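Participant: Starting off with a structure, shown below.
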Amino acid sequence: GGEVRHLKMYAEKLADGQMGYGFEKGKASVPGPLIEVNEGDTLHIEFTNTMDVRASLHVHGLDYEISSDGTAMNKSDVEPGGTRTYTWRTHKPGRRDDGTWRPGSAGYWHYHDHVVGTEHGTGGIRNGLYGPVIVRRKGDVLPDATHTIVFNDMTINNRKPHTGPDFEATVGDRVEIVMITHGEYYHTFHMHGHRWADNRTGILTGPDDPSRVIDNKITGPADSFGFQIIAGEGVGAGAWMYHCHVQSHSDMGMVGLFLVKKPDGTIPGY
Amino acid sequence: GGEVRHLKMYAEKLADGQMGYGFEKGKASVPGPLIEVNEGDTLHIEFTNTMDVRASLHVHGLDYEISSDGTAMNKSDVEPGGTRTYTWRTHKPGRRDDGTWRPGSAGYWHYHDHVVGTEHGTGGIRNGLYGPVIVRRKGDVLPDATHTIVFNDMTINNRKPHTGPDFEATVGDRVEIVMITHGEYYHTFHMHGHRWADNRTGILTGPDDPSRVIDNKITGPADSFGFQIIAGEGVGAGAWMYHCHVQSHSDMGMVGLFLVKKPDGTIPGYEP
Amino acid sequence: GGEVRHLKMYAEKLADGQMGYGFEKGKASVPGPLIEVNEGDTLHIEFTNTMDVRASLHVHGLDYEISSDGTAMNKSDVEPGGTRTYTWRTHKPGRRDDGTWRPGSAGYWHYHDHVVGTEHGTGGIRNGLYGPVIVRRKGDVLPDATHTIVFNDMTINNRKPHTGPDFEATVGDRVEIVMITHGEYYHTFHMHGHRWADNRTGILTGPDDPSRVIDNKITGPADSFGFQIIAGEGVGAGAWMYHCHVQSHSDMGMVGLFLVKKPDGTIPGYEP
Ligand SMILES: [Cu+2]
Ligand SMILES: [Cu+2]
Ligand SMILES: [Cu+2]
Ligand SMILES: [Cu+2]
Ligand SMILES: [Cu+2]
Ligand SMILES: [Cu+2]
Ligand SMILES: [Cu+2]
Ligand SMILES: [Cu+2]
Ligand SMILES: [Cu+2]
Ligand SMILES: [Cu+2]
Ligand SMILES: [Cu+2]
Ligand SMILES: [Cu+2]
Ligand SMILES: [O]
Ligand SMILES: [O]
Ligand SMILES: [O]
């Protein structure tokens with residue numbers, strides 16, 4: 001509100017047929033790196049496609065002009081080997097001249113390829129071309145740690161079945177989760193031991209906020225949400241599961257651990 | 001809040017095998033026409049089934065008595081060539097005698113057949129017997145235009161894959177979308193370049209509204225929601241896609257264009 | 001709150017192959033029995049597994065320590081014939097020392113098995129090991145009756161197709177529905193003639209609550225919500241259907257009746 005940030009991104013081929021984004025060449029990951037801005041910021045992303053097929057960057061939520069939408073149709077993708085600057089903007093909330101209220105960009109969002117495999121990025125998303133974006137409102141509560149969980153088709157973060165990811169915290173830590181879904185299937189995200197408000201920030205504003213407090217939520221492709229929890233609050237340390245609650249999904253491997261440790265670094269049991 | 005209104009409606013079979021509603025014989029559409037009323041209004045719909053099978057009209061949201069629920073079970077459907085008057089009412093919100101708060105009928109709702117093909121209208125809905133209904137609250141912000149997008153099985157508005165529909169606006173217009181899902185599948189509605197509040201009106205009341213601002217929403221059969229956006233607000237003119245984000249669905253043709261024009265009528269990339 | 005309460009619970013196998021919980025050996029139901037507490041109450045449940053496989057109780061929403069999470073991994077399940085005391089707590093909302101607002105446990109929750117069939121309770125849930133939990137906030141409005149509707153795979157309350165369940169009320173009654181989904185499938189819960197708020201309690205706090213008012217809602221495995229309605233308000237008596245609105249699901253039997261009676265005990269169309 002409002003810095004003009006410059007940033008580079010690269011799409012790259014990875015082991016085992018995966019593809020991923022990174023801020024630095026040679027350092028792509030699945031999921032892609034978190035991009036975090038404040039409302040009012042502008043972001044110029046100089047994106048380079050280092051792969052042998054056309055590729056792009058498409059973002060949810062943020063204000064971009066049509067030349068930055070990442071589609072073939074608007075000639076907004078990038079040749080093998082090529083480079084292009086995308087521009088994303090964000091805006092603060094406020095009253096319009098007509099007296100109505102402009103929302104503001106703040107929320108939990110995401111970016112992904114829109115052109116690998118099909119004109120809807122089906123091959124790209126499947127291979128790992130997705131990552132999270134957070135836009136903070138002035139005065140939002142900031143966490144001690146942020147974790148990204150993406151349910152992509154039947155995987156978490158494109159991992160093999162039953163291999164996490166796992167995430168560590170300590171009783172009392174303010175932990176932020178960004179939850180994105182991609183692919184063909186619906187899922188239900190569930191965490192043991194912890195709960196959040198079903199609203200923008202995942203936190204209740206005060207006693208007048210009527211939002212449902214939940215610990216389970218249905219999600220479908222390209223849905224994103226986020227929340228903050230206090231690790232172990234009222235429940236203590238432990239190896240706390242998170243998983244998809246669709247029964248065959250969890251049985252086939254969509255399960256991870258939210259390892260909450262005591263101040264001395266132990267977990268009771270595990 | 002409240003006028004009594006009278007309105008005629010027809011169910012017709014269409015030459016290609018589909019079925020639609022219309023306010024006039026020979027002017028059936030899919031989706032059926034938009035009905036819009038204020039909280040407190042009553043609506044007497046004189047409905048005529050011009051088809052050779054039994055048909056009905058079932059509405060979500062609004063106050064109807066069991067005789068107007070449109071089901072076979074309640075003797076509420078209509079024989080071939082027959083006519084029946086359905087009555088829908090709406091109420092304003094207010095404090096009840098017990099001190100609790102009665103909601104009010106305002107919202108984005110819909111009507112569809114409940115009897116063609118099966119006793120839950122499976123055949124009717126499939127063929128196109130569905131349409132939108134809006135109930136406004138006093139002081140609601142009104143749009144310039146209202147458009148209806150229905151995901152019905154793997155189609156938008158019962159159209160062939162990759163054939164829209166497309167909508168048009170000029171940068172700055174207040175556009176209202178009513179979004180309905182029907183059939184067997186879950187979908188995920190997404191618009192490029194635009195976003196809305198996940199609450200009743202699609203708009204935030206002011207800075208105290210904690211509702212999520214979104215551009216992508218999961219929906220299932222018979223879900224309806226609506227919102228208003230300012231076309232191109234902060235993003236400018238363009239051929240802005242909307243589509244289902246379930247990857248196979250968009251690949252197989254659930255895609256459309258929201259064409260936002262510069263005040264000179266052009267769209268960046270596509271000069272006429 | 002806070003009251004400390006003690007409760008006994010049992011898991012039994014049933015002659016048809018199903019499994020259920022109950023407060024008394026020989027009185028297992030599917031859904032299992034309602035447990036209702038106030039925010040701040042602690043609950044000690046003496047759970048005895050009477051089956052020949054290991055079994056557990058896992059709860060959503062409430063505060064439990066890892067030793068009561070009901071999973072194999074944290075050694076929290078129970079051997080055939082064994083007994084174990086689970087402890088569930090609830091807390092009231094309030095300001096934390098960091099000035100942020102702690103939610104409170106109030107809501108519509110549920111409990112289920114986590115170890116029968118697989119280590120996610122797949123077999124247990126399928127067979128019927130599930131039931132509702134309600135946590136009330138001080139000042140919450142209390143209903144006349146609470147009913148539990150659980151869409152478990154393609155069944156309501158594990159029942160055979162087209163066999164309800166049917167609930168009964170009189171025009172004017174304050175009815176509470178707790179709606180839970182389990183299994184592999186998504187559904188959309190729909191009620192004729194009635195509507196509620198998509199928030200914590202299902203009721204609007206007053207005119208500043210921008211929550212969508214709905215009559216249809218998409219749900220997936222382990223989702224729970226609840227609401228209150230005034231039976232027949234603005235619509236009168238009738239055989240009001242509720243069903244899953246996914247067309248093949250209702251056609252194959254996920255249908256029930258909410259029977260709202262006149263003060264003389266009758267339903268329009270179906271007098272005895
Ligand atoms: Cu797209
Ligand atoms: Cu899943
Ligand atoms: Cu759980
Ligand atoms: Cu997307
Ligand atoms: Cu209906
Ligand atoms: Cu119905
Ligand atoms: Cu779809
Ligand atoms: Cu997009
Ligand atoms: Cu319906
Ligand atoms: Cu679990
Ligand atoms: Cu269903
Ligand atoms: Cu569960
Ligand atoms: O997208
Ligand atoms: O329906
Ligand atoms: O769970």
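Please note that chains go A, B, ... in the order of the structure tokens, that every chain numbers its residues from 1, and that ligands are numbered from 1 in the order shown.
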List as a PyMOL selection string the protein and nucleic acid residues near residue 76 (chain A), meaning an atom at most 8 Å away when only C-alpha atoms are counted, but skip any in the same chain fewer than 6 places from it.
Facilitator: chain A and resi 56+67-70
Participant: Keeping only C-alpha atoms, write the selected residues as an mmCIF file, in the first residue's frame.
Facilitator:
data_model
loop_
_atom_site.group_PDB
_atom_site.id
_atom_site.type_symbol
_atom_site.label_atom_id
_atom_site.label_comp_id
_atom_site.auth_asym_id
_atom_site.auth_seq_id
_atom_site.Cartn_x
_atom_site.Cartn_y
_atom_site.Cartn_z
ATOM 1 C CA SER A 56 2.196 -19.331 -18.597
ATOM 2 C CA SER A 67 -2.365 -8.864 -21.419
ATOM 3 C CA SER A 68 -1.359 -10.606 -18.142
ATOM 4 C CA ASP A 69 -4.066 -13.266 -17.990
ATOM 5 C CA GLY A 70 -1.827 -16.143 -19.025
#
Participant: Tell me, as a list in words, which residues lie within 9 Å of residue 209 (chain C), counting only C-alpha atoms; anything in the same chain fewer than 2 positions away does not count.
Facilitator: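 Residues meeting the cut-off are residues 209 and 210 of chain A; 209 of chain B; 204, 205, 206, 207, 211 and 212 of chain C.
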Participant: Write a file of the just-selected residues containing N, CA, C and O atoms, as a JSON list (two decimals), in the first residue's frame.
Facilitator:
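Written file, part.json:
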[["chain", "number", "residue", "atom", "x", "y", "z"],
["A", 209, "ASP", "N", -19.42, -11.69, 15.00],
["A", 209, "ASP", "CA", -19.23, -12.46, 13.77],
["A", 209, "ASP", "C", -19.97, -13.82, 13.82],
["A", 209, "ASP", "O", -19.57, -14.72, 14.56],
["A", 210, "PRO", "N", -21.00, -14.01, 12.97],
["A", 210, "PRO", "CA", -21.79, -15.24, 13.02],
["A", 210, "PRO", "C", -21.24, -16.38, 12.16],
["A", 210, "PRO", "O", -21.94, -17.39, 11.98],
["B", 209, "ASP", "N", -17.76, -6.53, 7.17],
["B", 209, "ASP", "CA", -18.25, -7.77, 6.62],
["B", 209, "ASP", "C", -17.07, -8.71, 6.44],
["B", 209, "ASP", "O", -16.23, -8.52, 5.57],
["C", 204, "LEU", "N", -30.38, -15.88, 11.48],
["C", 204, "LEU", "CA", -29.75, -14.59, 11.34],
["C", 204, "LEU", "C", -29.81, -13.86, 12.67],
["C", 204, "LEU", "O", -30.79, -13.91, 13.41],
["C", 205, "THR", "N", -28.71, -13.19, 12.97],
["C", 205, "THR", "CA", -28.57, -12.47, 14.23],
["C", 205, "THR", "C", -29.53, -11.27, 14.21],
["C", 205, "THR", "O", -30.12, -10.90, 15.23],
["C", 206, "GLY", "N", -29.75, -10.71, 13.03],
["C", 206, "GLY", "CA", -30.67, -9.60, 12.85],
["C", 206, "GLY", "C", -30.41, -9.02, 11.48],
["C", 206, "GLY", "O", -29.90, -9.70, 10.59],
["C", 207, "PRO", "N", -30.71, -7.74, 11.29],
["C", 207, "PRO", "CA", -30.60, -7.22, 9.91],
["C", 207, "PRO", "C", -29.18, -6.92, 9.43],
["C", 207, "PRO", "O", -28.99, -6.65, 8.27],
["C", 211, "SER", "N", -25.26, -13.02, 5.86],
["C", 211, "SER", "CA", -25.25, -14.45, 5.50],
["C", 211, "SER", "C", -26.30, -14.80, 4.44],
["C", 211, "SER", "O", -27.42, -14.31, 4.48],
["C", 212, "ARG", "N", -25.96, -15.68, 3.52],
["C", 212, "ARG", "CA", -26.93, -16.12, 2.52],
["C", 212, "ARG", "C", -28.00, -16.96, 3.19],
["C", 212, "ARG", "O", -27.69, -17.80, 4.02]]
Participant: For the helix (DSSP H, G or I) assignment from backbone DSSP, which residues of region 32-259 of chain A qualify? Please present them as a list in words.
Facilitator: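 Those residues are residues 66, 67, 68, 122, 123, 124, 125, 126, 127, 247, 248, 249, 250 and 251 of chain A.
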Participant: Take the residues that were just selected and, keeping N, CA and C atoms, output them as a short mmCIF file (atom, residue, chain, number, x, y, z; two decimals), in the first residue's frame.
Facilitator:
data_model
loop_
_atom_site.label_atom_id
_atom_site.label_comp_id
_atom_site.auth_asym_id
_atom_site.auth_seq_id
_atom_site.Cartn_x
_atom_site.Cartn_y
_atom_site.Cartn_z
N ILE A 66 -5.72 -7.67 -19.19
CA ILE A 66 -5.91 -8.83 -20.04
C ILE A 66 -4.62 -9.33 -20.66
N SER A 67 -3.69 -8.43 -20.95
CA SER A 67 -2.36 -8.86 -21.42
C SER A 67 -1.56 -9.70 -20.40
N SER A 68 -1.98 -9.74 -19.14
CA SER A 68 -1.36 -10.61 -18.14
C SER A 68 -2.26 -11.75 -17.66
N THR A 122 -4.34 -28.05 -18.00
CA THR A 122 -4.55 -29.36 -17.35
C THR A 122 -3.27 -30.14 -17.10
N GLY A 123 -2.39 -30.17 -18.10
CA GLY A 123 -1.11 -30.88 -17.98
C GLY A 123 -0.17 -30.17 -17.04
N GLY A 124 -0.23 -28.85 -17.03
CA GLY A 124 0.66 -28.07 -16.20
C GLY A 124 0.35 -28.21 -14.73
N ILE A 125 -0.92 -27.97 -14.40
CA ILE A 125 -1.42 -28.15 -13.05
C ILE A 125 -1.12 -29.58 -12.58
N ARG A 126 -1.43 -30.56 -13.40
CA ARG A 126 -1.17 -31.92 -12.97
C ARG A 126 0.32 -32.12 -12.68
N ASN A 127 1.19 -31.55 -13.50
CA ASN A 127 2.63 -31.75 -13.32
C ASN A 127 3.25 -30.98 -12.17
N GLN A 247 -13.49 -40.90 2.16
CA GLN A 247 -12.90 -42.08 2.81
C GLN A 247 -11.88 -42.82 1.94
N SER A 248 -12.15 -43.01 0.66
CA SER A 248 -11.18 -43.71 -0.17
C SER A 248 -9.90 -42.87 -0.39
N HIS A 249 -10.01 -41.54 -0.32
CA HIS A 249 -8.88 -40.65 -0.53
C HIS A 249 -7.88 -40.78 0.60
N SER A 250 -8.38 -40.73 1.83
CA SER A 250 -7.50 -40.87 2.98
C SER A 250 -6.91 -42.29 3.01
N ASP A 251 -7.69 -43.29 2.63
CA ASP A 251 -7.21 -44.67 2.58
C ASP A 251 -6.15 -44.87 1.52
#
Participant: For chain C against chain A, which residues fall within 9 Å using only C-alpha atoms, given as JSON, numbers by chain?
Facilitator: {"C": [59, 60, 61, 62, 63, 64, 65, 66, 67, 69, 73, 74, 75, 89, 90, 91, 93, 94, 95, 100, 101, 102, 103, 104, 105, 106, 107, 108, 109, 118, 119, 120, 121, 122, 182, 183, 184, 185, 186, 198, 199, 200, 201, 204, 205, 209, 211, 218, 219, 220, 221, 222, 223, 224, 225]}
Participant: Counting only C-alpha atoms, which of B:116, B:134, B:203, B:51 gets nearest to chain C?
Facilitator: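 For chain C, the nearest of the candidates is B:203.
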Participant: Would you kindly report the residues of chain C within 9 Å of chain B, using only C-alpha atoms, as a VMD selection string?
Facilitator: chain C and resid 141 186 to 188 190 to 198 203 to 219 232 to 240 244 to 251 268 to 269
Participant: Keeping only C-alpha atoms, write the selected residues to a file as a compact mmCIF listing (two decimals), in the first residue's frame.
Facilitator:
# COMPACT_ATOMS: atom_id res chain seq x y z
CA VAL C 141 -32.17 -20.41 21.12
CA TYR C 186 -20.83 -35.24 -2.24
CA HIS C 187 -24.54 -34.41 -1.89
CA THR C 188 -26.80 -31.39 -1.82
CA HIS C 190 -32.65 -29.66 0.08
CA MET C 191 -35.88 -28.95 1.99
CA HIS C 192 -39.17 -27.92 0.43
CA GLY C 193 -41.03 -25.09 2.05
CA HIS C 194 -38.31 -24.08 4.49
CA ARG C 195 -35.11 -22.10 4.46
CA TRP C 196 -32.27 -21.15 6.80
CA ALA C 197 -29.16 -18.97 7.20
CA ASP C 198 -25.76 -20.30 6.08
CA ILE C 203 -30.50 -18.24 12.09
CA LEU C 204 -29.75 -14.59 11.34
CA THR C 205 -28.57 -12.47 14.23
CA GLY C 206 -30.67 -9.60 12.85
CA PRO C 207 -30.60 -7.22 9.91
CA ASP C 208 -26.79 -6.69 9.94
CA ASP C 209 -26.06 -10.37 9.17
CA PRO C 210 -25.20 -10.62 5.47
CA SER C 211 -25.25 -14.45 5.50
CA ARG C 212 -26.93 -16.12 2.52
CA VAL C 213 -30.38 -17.51 3.22
CA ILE C 214 -30.67 -20.87 1.49
CA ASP C 215 -32.67 -24.05 1.07
CA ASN C 216 -30.07 -26.19 -0.69
CA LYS C 217 -26.40 -26.74 0.32
CA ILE C 218 -23.56 -28.81 -1.05
CA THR C 219 -21.91 -31.18 1.47
CA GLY C 232 -44.76 -24.47 8.23
CA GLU C 233 -43.97 -20.79 8.78
CA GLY C 234 -45.59 -18.81 5.97
CA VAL C 235 -46.40 -22.02 4.08
CA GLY C 236 -48.70 -24.07 6.34
CA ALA C 237 -49.16 -27.79 6.79
CA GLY C 238 -48.11 -30.45 4.31
CA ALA C 239 -46.00 -33.41 3.37
CA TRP C 240 -42.81 -31.38 2.78
CA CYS C 244 -30.54 -34.88 -1.83
CA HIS C 245 -30.85 -32.76 -4.93
CA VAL C 246 -28.29 -34.69 -7.01
CA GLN C 247 -30.80 -36.06 -9.51
CA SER C 248 -29.71 -39.73 -9.60
CA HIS C 249 -29.46 -39.76 -5.75
CA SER C 250 -33.05 -38.67 -5.17
CA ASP C 251 -34.24 -40.95 -7.98
CA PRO C 268 -53.49 -31.63 3.40
CA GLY C 269 -54.12 -34.51 0.93
Participant: List every residue of region 29-268 of chain C that DSSP, applied to the backbone of this structure, places in strand (DSSP E or B), and write the result as a PyMOL selection string.
Facilitator: chain C and resi 29+35-38+42-49+55+58-59+63+78+83-89+94-95+101-102+107-112+130-136+145-152+155-156+167-170+174-182+187-191+196-197+213-214+216-219+224-230+238-244+255-261
Participant: Can you build me a table of chain A residues sitting at most 10 Å from ligand 13, with the closest atom pair per residue and its distance in Å to one decimal, using only C-alpha atoms and all ligand atoms, sorted by chain and residue number, as a Markdown table?
Facilitator:
| residue | atom | partner | partner_atom_place_in_ligand_line | distance |
| --- | --- | --- | --- | --- |
| A:57 | CA | ligand 13 | 1 (O) | 9.8 |
| A:58 | CA | ligand 13 | 1 (O) | 6.5 |
| A:59 | CA | ligand 13 | 1 (O) | 7.1 |
| A:60 | CA | ligand 13 | 1 (O) | 6.7 |
| A:61 | CA | ligand 13 | 1 (O) | 10.0 |
| A:69 | CA | ligand 13 | 1 (O) | 8.9 |
| A:70 | CA | ligand 13 | 1 (O) | 9.0 |
| A:71 | CA | ligand 13 | 1 (O) | 9.2 |
| A:110 | CA | ligand 13 | 1 (O) | 9.5 |
| A:111 | CA | ligand 13 | 1 (O) | 8.3 |
| A:112 | CA | ligand 13 | 1 (O) | 7.6 |
| A:113 | CA | ligand 13 | 1 (O) | 8.5 |
| A:114 | CA | ligand 13 | 1 (O) | 6.9 |
| A:120 | CA | ligand 13 | 1 (O) | 7.3 |
| A:121 | CA | ligand 13 | 1 (O) | 8.5 |
| A:221 | CA | ligand 13 | 1 (O) | 9.6 |
| A:222 | CA | ligand 13 | 1 (O) | 7.2 |
Participant: Excluding region 7-20 of chain A and residues on its chain fewer than 4 positions from it, collect all residues at most 9 Å away from it, counting only C-alpha atoms, and give them as a PyMOL selection string.
Facilitator: chain A and resi 24-32+43-52+55-56+85+124-131+158
Participant: Any chance you can output those residues with C-alpha atoms as a JSON list (two decimals), in the first residue's frame?
Facilitator:
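Result written to selection19.json:
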[["chain", "number", "residue", "atom", "x", "y", "z"],
["A", 24, "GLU", "CA", 15.41, -18.71, -9.09],
["A", 25, "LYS", "CA", 16.58, -20.80, -11.98],
["A", 26, "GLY", "CA", 17.47, -24.29, -10.82],
["A", 27, "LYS", "CA", 15.29, -23.94, -7.70],
["A", 28, "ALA", "CA", 11.74, -24.66, -8.83],
["A", 29, "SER", "CA", 9.44, -26.47, -6.41],
["A", 30, "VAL", "CA", 6.07, -28.09, -6.17],
["A", 31, "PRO", "CA", 4.23, -26.29, -4.82],
["A", 32, "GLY", "CA", 5.68, -23.14, -6.18],
["A", 43, "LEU", "CA", 4.01, -6.75, -8.67],
["A", 44, "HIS", "CA", 6.00, -6.98, -11.91],
["A", 45, "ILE", "CA", 6.97, -10.56, -12.56],
["A", 46, "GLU", "CA", 9.54, -11.21, -15.22],
["A", 47, "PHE", "CA", 8.68, -14.79, -16.09],
["A", 48, "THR", "CA", 10.93, -17.07, -18.10],
["A", 49, "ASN", "CA", 9.79, -20.38, -19.57],
["A", 50, "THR", "CA", 12.80, -22.67, -19.60],
["A", 51, "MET", "CA", 10.77, -25.66, -20.88],
["A", 52, "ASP", "CA", 10.29, -27.19, -24.36],
["A", 55, "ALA", "CA", 3.81, -22.11, -20.56],
["A", 56, "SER", "CA", 2.20, -19.33, -18.60],
["A", 85, "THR", "CA", 6.57, -9.48, -17.74],
["A", 124, "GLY", "CA", 0.66, -28.07, -16.20],
["A", 125, "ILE", "CA", -1.42, -28.15, -13.05],
["A", 126, "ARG", "CA", -1.17, -31.92, -12.97],
["A", 127, "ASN", "CA", 2.63, -31.75, -13.32],
["A", 128, "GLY", "CA", 3.02, -29.24, -10.51],
["A", 129, "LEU", "CA", 2.74, -25.72, -11.96],
["A", 130, "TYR", "CA", 0.84, -24.11, -9.09],
["A", 131, "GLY", "CA", 1.61, -22.05, -5.99],
["A", 158, "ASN", "CA", 2.16, -33.95, -5.88]]
Participant: Pick out the residues sitting within 6 Å of residue 55 (chain B), and hand them over as a PyMOL selection string; count only C-alpha atoms, and ignore anything fewer than 2 positions along from it in its own chain.
Facilitator: chain B and resi 77-78+115-116
Participant: Please save C-alpha atoms of the selected residues as a PDB file, in the first residue's frame.
Facilitator:
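Result written to part.pdb:
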ATOM      1  CA  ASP B  77     -48.489 -30.969 -11.194  1.00  0.00           C
ATOM      2  CA  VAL B  78     -50.422 -30.380 -14.424  1.00  0.00           C
ATOM      3  CA  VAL B 115     -42.245 -34.305 -12.589  1.00  0.00           C
ATOM      4  CA  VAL B 116     -41.014 -34.797 -16.162  1.00  0.00           C
TER       5      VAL B 116
END
Participant: Could you work out how far CA of residue 135 (chain A) lies from CA of residue 107 (chain A), giving the answer in Å with one decimal?
Facilitator: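 So the answer is 5.4 Å.
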Participant: Tell me, as a PyMOL selection string, which residues lie within 8 Å of region 18-35 of chain C, counting only C-alpha atoms; anything in the same chain fewer than 2 positions away does not count.
Facilitator: chain C and resi 7-16+37+124+127-134+148+150+157-158
Participant: When you draw a straight line from CA of residue 169 (chain C) to CA of residue 270 (chain C), how long is it in Å?
Facilitator: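 Separating CA of residue 169 (chain C) from CA of residue 270 (chain C) is a distance of 14.9 Å.
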Participant: Just the residues within 7 Å of region 161-163 of chain A, please, counting only C-alpha atoms, with nothing from its chain fewer than 6 positions along; format it as a PyMOL selection string.
Facilitator: chain A and resi 155+252-255
Participant: For the selection just defined, write its residues with N, CA, C and O atoms to a file, as an mmCIF file, in the first residue's frame.
Facilitator:
data_model
loop_
_atom_site.group_PDB
_atom_site.id
_atom_site.type_symbol
_atom_site.label_atom_id
_atom_site.label_comp_id
_atom_site.auth_asym_id
_atom_site.auth_seq_id
_atom_site.Cartn_x
_atom_site.Cartn_y
_atom_site.Cartn_z
ATOM 1 N N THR A 155 -3.370 -36.336 -4.736
ATOM 2 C CA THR A 155 -2.056 -36.206 -4.109
ATOM 3 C C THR A 155 -2.135 -35.038 -3.199
ATOM 4 O O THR A 155 -3.042 -34.228 -3.333
ATOM 5 N N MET A 252 -6.213 -44.081 0.455
ATOM 6 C CA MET A 252 -5.198 -44.151 -0.580
ATOM 7 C C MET A 252 -4.055 -43.174 -0.420
ATOM 8 O O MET A 252 -3.206 -43.155 -1.276
ATOM 9 N N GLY A 253 -4.001 -42.384 0.646
ATOM 10 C CA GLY A 253 -2.784 -41.661 0.935
ATOM 11 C C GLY A 253 -2.784 -40.156 1.149
ATOM 12 O O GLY A 253 -1.694 -39.570 1.368
ATOM 13 N N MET A 254 -3.967 -39.533 1.105
ATOM 14 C CA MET A 254 -4.104 -38.096 1.295
ATOM 15 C C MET A 254 -4.177 -37.781 2.796
ATOM 16 O O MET A 254 -5.219 -37.391 3.310
ATOM 17 N N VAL A 255 -3.037 -37.946 3.467
ATOM 18 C CA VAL A 255 -2.895 -37.842 4.910
ATOM 19 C C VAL A 255 -1.517 -37.271 5.268
ATOM 20 O O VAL A 255 -0.506 -37.670 4.706
#
